[PDB]
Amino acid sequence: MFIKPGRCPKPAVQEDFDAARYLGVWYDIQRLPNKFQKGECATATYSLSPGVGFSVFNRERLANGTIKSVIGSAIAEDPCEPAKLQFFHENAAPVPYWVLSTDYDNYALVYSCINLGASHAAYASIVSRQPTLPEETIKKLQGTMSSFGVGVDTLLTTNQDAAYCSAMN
């Protein structure tokens, strides 16, 4: 199910989060089933913004081979909680985006949850600075997710194959 029992959890986020080091390209390695990703090879690119926060450009490769993308803006509405962001994507209502853990140069774990009464809808992603990530790191991040009730066996492994994804350039 996309909708799960219980209200949203409140996991810990990355201490001393530094958005400048978080900028650049991230590859989707695993993610919870969701409605927005329609393809494979997903990347997120975060870039400087003349205003506050940073800009967002997400791209994926659809089955027909076309590259589909969305633009957005990311802002931490409380400057004292810089890892707790609101993402504003074109044609979407705002969604939360929490950086739960990152070392900036290899991996990040991101989490988002919206309450639906006594249920909730959550999204989570393990991302990497490369199209792959070591199994040891994946299992560690999955452990973090399990610790607050995420169904890790539901995680999808994103296709990042070099040939299949060549159209991403």
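So that there is no doubt, residue numbering starts at 1 and follows the sequence shown.
- Judged by mean Cα B factor in the deposited record, 136 to 144 ranks above the other of 136 to 144 and 52 to 60.
- When the C-alpha B-factors of 65 to 73 and 111 to 119 are averaged, 65 to 73 comes out higher.
- For the set 45, 125, 37, 102, the maximum C-alpha B-factor listed in the entry falls on 37.
- The PDB entry assigns residue 160 a C-alpha temperature factor belonging to the lowest third of its chain's modelled residues.
- Residue-level temperature factors show residue 82 in the middle third of its chain, judged at the C-alpha atom.
- When the CA B factors of the chain's modelled residues are split into thirds, the value for residue 20 lands in the middle one.
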